[PDB]
């Protein structure tokens, strides 16, 4: 006992590993367990704290990834595979990873990354999530947590103690509880913890901001291209229950009682559930996953919207934003006429089915309303305009406008909001041009991959990435992304009245106001009133 890679925690001793980083080295503790393996009769159950172990836990290699659907649309294509599980998949997947500056800090800023993946996929071990560039460059202790996705993490039979719903959010919470209790031994300050995540991870961050049972475990938050109120991020208990039985219906399950259904589902091998999980969503849409958080009355006391209206949430500072072309990925994967290798010019016909796919809960009138809002009537048959119009529709409706709604509601009660719009397309992007500044592609800059030359980024991209990493880290440490007395351009606070935000790219910073207001007033105010009335 006593060496830089050896850390003693309230759960037992762990042994890290030295890792190289930009010509220096840091410590890494990978695969530390924070919960009991959720296997056997534990499948679908709330997680349990990991029982302490004696001896030294070997924390030198990445853990297994949770059972999930694996994307095979482009076998060999790095653009899609960099998001697939890079470790063996297993239900025994509740571990976290920590990158620690060398020599070990005494009490420094802590950042906990929550991965995205639409609540049905995701891994903490992905190369784009490697925490070392950030820990090393910003001197922050970097944590990577994990959580059950799909049915494993979200099957919901409300009322049952065996499959209550939201267990994957509870998994995250448990990891946050562990960091709270032990990050000090790794030299991290448990009083200055910032949770950040992208897409479902950004939504998760917001759900922890809302949930009373989570608010006390962290200090501040960063949300990237995701909000807890996103339309794809949560369902009612009635709906969860319906999907859970439909899932049992696909696996030839006895459906007479929750106990019967649950018993059957715990019997199936993981892959059996994954093979049929896309058959349960009851309507056709851009998004085809069924298992997500439920508004249960516990993790979420009431509707997300009423909580937002009344200020029922953690008041603190937040930093959040979106990418310019949030919708392109979803279209590529779920809308007809979009392909990876063509320019995907869209027939006015494929355009109409595209909007239906995008606003599945709309009636005809609402479908017309969306169509009119996004159509250039002077040139309604332009295939590129139809393609980009659909890109905007999907991005606005599912990511950007829900986030602008969240930010405007939050700012009214919060203690400081910083908003960004990332619109720099990476020079080395392997995805087609028509996709633009793609959902997910700001992550590589948040994690500093552009500082690794072999990755072929440009010099200005390495500069953008350092500016970004420093904004994230300065904000996590102080609640402001700006250097006190620096002489760099200032990222202003987003306020209720001015609603300022900054672009995030390679050119001189520029401040703007009311990010996509024209479209978001339509999605957040008009369209809903239209559908409630009609």
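Positions refer to the first chain, counted from 1. Here the rigid core means the biggest group of C-alpha atoms that line up within 1.5 Å when the two forms are laid on top of each other.
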Say the other structures are aligned on the rigid core; which stretch then has the higher CA RMS in 8 other deposited structures of this protein, 280 to 288 or 294 to 302?
-> 280 to 288
Other compared entries missing residue 488, a third or more = yes
Of the two stretches 414 to 422 and 454 to 462, which shows the higher Cα B-factor on average in the entry?
-> 454 to 462
Taking the recorded C-alpha temperature factors, which stretch has the higher mean, 467 to 475 or 502 to 510?
-> 502 to 510
Checking the entry, which one of 444, 305, 284, 396 has the top C-alpha B factor?
-> 284
Top Cα B-factor in this entry, restricted to 312, 252, 144, 121, sits on 252
Chain thirds by Cα B factor, record data; residue 162 belongs to the highest
Record-listed C-alpha B factor of residue 78: chain third = middle
Third of the chain, ranked by Cα B-factor, where residue 70 sits | middle
Thinking about Cα B factors across the chain, which third does residue 260 belong to?
-> highest
Once the chain's modelled residues are ordered by C-alpha B factor and cut into thirds, is residue 247 in the lowest, middle or highest one?
-> middle
